[PDB]
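Each remark here refers to the structure printed beneath this line.
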Amino acid sequence: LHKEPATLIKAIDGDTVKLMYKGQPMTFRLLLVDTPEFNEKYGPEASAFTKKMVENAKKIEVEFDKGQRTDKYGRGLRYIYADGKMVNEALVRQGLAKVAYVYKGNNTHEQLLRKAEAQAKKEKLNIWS
Ligand SMILES: Cc1cn([C@H]2C[C@@H](OP(=O)(O)O)[C@@H](COP(=O)(O)O)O2)c(=O)[nH]c1=O
Ligand SMILES: [Ca+2]
């Protein structure tokens, strides 16, 4: 798995962001994770967490998996990194996302994220009440 460069265009919500990628604007969906919609409980907090993370970052990078790169709504499916810290893992670790939409074979990172969710659940963080 290899990382490519990308520039923040706009934060959107907990698990989507708009990025300039190979010269084109694109909406990106985070792999393996599901935040609440903004209208749901911990939605605003998820959006807020991802916004700060991508906005405060000097370098954002994107990482596709072995399977689907672009989902049926035209969104780039990626692990996203903010100064080398994975947003996907980070949300799960804070209990602001659930591990979700794990399809084979697009799940290189499942074990690391489930590792993070175990710890967040143990900790009763945010969505784990
Ligand atoms: C995360 C992810 C979502 N999706 C699609 C499944 C979709 O469900 P539907 O067919 O129910 O729309 C949608 C859900 O994402 P959102 O959580 O952004 O709505 O995104 C993928 O196809 N692959 C993925 O890896
Ligand atoms: Ca969602």
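In the structure tokens, the first chain shown is A, the next is B, and so on; residue numbers restart at 1 for each chain, and ligands run from 1 in the order shown.
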
With only C-alpha atoms and all ligand atoms counted and 6 Å as the cut-off, give the residues of chain A in contact with ligand 2, each with its shortest interatomic distance in Å and the pair that gives it, as CSV.
residue,atom,partner,partner_atom_place_in_ligand_line,distance
A:34,CA,ligand 2,1 (Ca),4.7
A:35,CA,ligand 2,1 (Ca),4.6
A:36,CA,ligand 2,1 (Ca),5.2
A:37,CA,ligand 2,1 (Ca),5.4

Taking only C-alpha atoms and all ligand atoms into account, report as a ChimeraX atom specification which residues have an atom no farther than 10 Å from an atom of ligand 1.
-> /A:13-16,28-37,65,67-78,99-104,106-107

Could you take the residues named above and write them with C-alpha atoms, as a PDB file, in the first residue's frame?
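This is the output file selection-v1.pdb:
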ATOM      1  CA  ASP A  13     -18.272  15.472   7.681  1.00  0.00           C
ATOM      2  CA  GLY A  14     -16.845  12.746   9.928  1.00  0.00           C
ATOM      3  CA  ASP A  15     -15.901  10.318   7.142  1.00  0.00           C
ATOM      4  CA  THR A  16     -15.909  12.469   3.933  1.00  0.00           C
ATOM      5  CA  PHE A  28     -13.193  11.144  -0.536  1.00  0.00           C
ATOM      6  CA  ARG A  29     -14.871   8.534   1.668  1.00  0.00           C
ATOM      7  CA  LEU A  30     -12.825   6.921   4.458  1.00  0.00           C
ATOM      8  CA  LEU A  31     -12.297   3.159   4.119  1.00  0.00           C
ATOM      9  CA  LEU A  32     -13.396   0.749   6.862  1.00  0.00           C
ATOM     10  CA  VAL A  33     -15.096   3.340   9.062  1.00  0.00           C
ATOM     11  CA  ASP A  34     -18.543   4.845   9.594  1.00  0.00           C
ATOM     12  CA  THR A  35     -19.162   8.092  11.459  1.00  0.00           C
ATOM     13  CA  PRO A  36     -22.644   9.287  12.410  1.00  0.00           C
ATOM     14  CA  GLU A  37     -24.398  11.607   9.998  1.00  0.00           C
ATOM     15  CA  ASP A  65      -6.370  -0.487  -1.095  1.00  0.00           C
ATOM     16  CA  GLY A  67      -9.808  -3.458  -4.309  1.00  0.00           C
ATOM     17  CA  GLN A  68     -12.275  -0.740  -5.330  1.00  0.00           C
ATOM     18  CA  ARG A  69     -10.692   2.746  -5.464  1.00  0.00           C
ATOM     19  CA  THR A  70     -13.868   4.678  -6.324  1.00  0.00           C
ATOM     20  CA  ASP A  71     -17.292   3.864  -4.857  1.00  0.00           C
ATOM     21  CA  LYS A  72     -20.631   3.860  -6.628  1.00  0.00           C
ATOM     22  CA  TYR A  73     -21.264   7.509  -5.765  1.00  0.00           C
ATOM     23  CA  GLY A  74     -17.998   8.549  -7.441  1.00  0.00           C
ATOM     24  CA  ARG A  75     -16.103   8.966  -4.170  1.00  0.00           C
ATOM     25  CA  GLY A  76     -12.422   8.052  -3.781  1.00  0.00           C
ATOM     26  CA  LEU A  77     -12.128   5.284  -1.180  1.00  0.00           C
ATOM     27  CA  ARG A  78      -8.964   5.897   0.886  1.00  0.00           C
ATOM     28  CA  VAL A  99     -15.492  -0.201  12.014  1.00  0.00           C
ATOM     29  CA  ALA A 100     -17.827  -0.752   9.065  1.00  0.00           C
ATOM     30  CA  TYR A 101     -18.106  -1.551   5.352  1.00  0.00           C
ATOM     31  CA  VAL A 102     -15.311  -4.103   5.494  1.00  0.00           C
ATOM     32  CA  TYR A 103     -15.365  -5.783   2.133  1.00  0.00           C
ATOM     33  CA  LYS A 104     -12.844  -8.360   0.954  1.00  0.00           C
ATOM     34  CA  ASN A 106     -10.418  -3.936   0.373  1.00  0.00           C
ATOM     35  CA  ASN A 107      -9.575  -4.255   4.045  1.00  0.00           C
TER      36      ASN A 107
END

Where in chain A does DSSP assign strand (DSSP E), given as a PyMOL selection string?
-> chain A and resi 3-11+16-21+24-30+33-34+60-63+76-82+85-86+98-99

Where does DSSP see alpha helix (DSSP H) in chain A, if you list the residues as a count of residues only?
-> 33

Taking into account only C-alpha atoms, which residue in the set A:44, A:54, A:22, A:89 is nearest to residue 8 of chain A?
->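 Closest to residue 8 of chain A of all the choices is A:54.
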
Measure the distance from atom CA of residue 79 of chain A to atom CA of residue 57 of chain A in Å and round it to one decimal.
->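 About the pair atom CA of residue 79 of chain A and atom CA of residue 57 of chain A: they are 15.2 Å apart.
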
Closest of A:48, A:96, A:87, A:12 to residue 129 of chain A - atom-to-atom distances counting only C-alpha atoms | A:96

Using only C-alpha atoms, find the one residue out of A:82, A:116, A:26, A:62 that sits nearest to residue 50 of chain A.
-> A:82

I'd like the contact shell of residue 126 of chain A - 9 Å cut-off, only C-alpha atoms, skipping same-chain residues fewer than 2 positions apart - returned as a PDB file with N, CA and C atoms, in the first residue's frame.
ATOM      1  N   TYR A  42     -23.306  12.254  18.032  1.00  0.00           N
ATOM      2  CA  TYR A  42     -21.835  12.244  17.777  1.00  0.00           C
ATOM      3  C   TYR A  42     -21.447  12.583  16.332  1.00  0.00           C
ATOM      4  N   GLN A  94     -11.018   7.315  19.003  1.00  0.00           N
ATOM      5  CA  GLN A  94     -11.766   8.231  19.872  1.00  0.00           C
ATOM      6  C   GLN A  94     -13.227   7.839  20.058  1.00  0.00           C
ATOM      7  N   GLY A  95     -13.636   6.718  19.468  1.00  0.00           N
ATOM      8  CA  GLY A  95     -15.030   6.300  19.541  1.00  0.00           C
ATOM      9  C   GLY A  95     -15.974   7.185  18.743  1.00  0.00           C
ATOM     10  N   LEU A  96     -15.448   7.884  17.730  1.00  0.00           N
ATOM     11  CA  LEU A  96     -16.274   8.756  16.877  1.00  0.00           C
ATOM     12  C   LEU A  96     -16.601   8.090  15.530  1.00  0.00           C
ATOM     13  N   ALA A 120     -11.142   1.780  22.263  1.00  0.00           N
ATOM     14  CA  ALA A 120     -12.177   2.813  22.441  1.00  0.00           C
ATOM     15  C   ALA A 120     -13.443   2.326  23.147  1.00  0.00           C
ATOM     16  N   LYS A 121     -13.880   1.109  22.817  1.00  0.00           N
ATOM     17  CA  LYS A 121     -15.047   0.478  23.449  1.00  0.00           C
ATOM     18  C   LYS A 121     -14.751   0.176  24.926  1.00  0.00           C
ATOM     19  N   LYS A 124     -15.083   3.100  26.910  1.00  0.00           N
ATOM     20  CA  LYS A 124     -16.434   3.690  26.839  1.00  0.00           C
ATOM     21  C   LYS A 124     -16.464   5.086  26.191  1.00  0.00           C
ATOM     22  N   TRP A 128     -19.473   4.672  22.449  1.00  0.00           N
ATOM     23  CA  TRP A 128     -19.556   3.534  23.352  1.00  0.00           C
ATOM     24  C   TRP A 128     -19.981   4.059  24.729  1.00  0.00           C
ATOM     25  N   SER A 129     -20.711   5.177  24.684  1.00  0.00           N
ATOM     26  CA  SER A 129     -21.494   5.778  25.770  1.00  0.00           C
ATOM     27  C   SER A 129     -20.673   6.582  26.749  1.00  0.00           C
TER      28      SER A 129
END
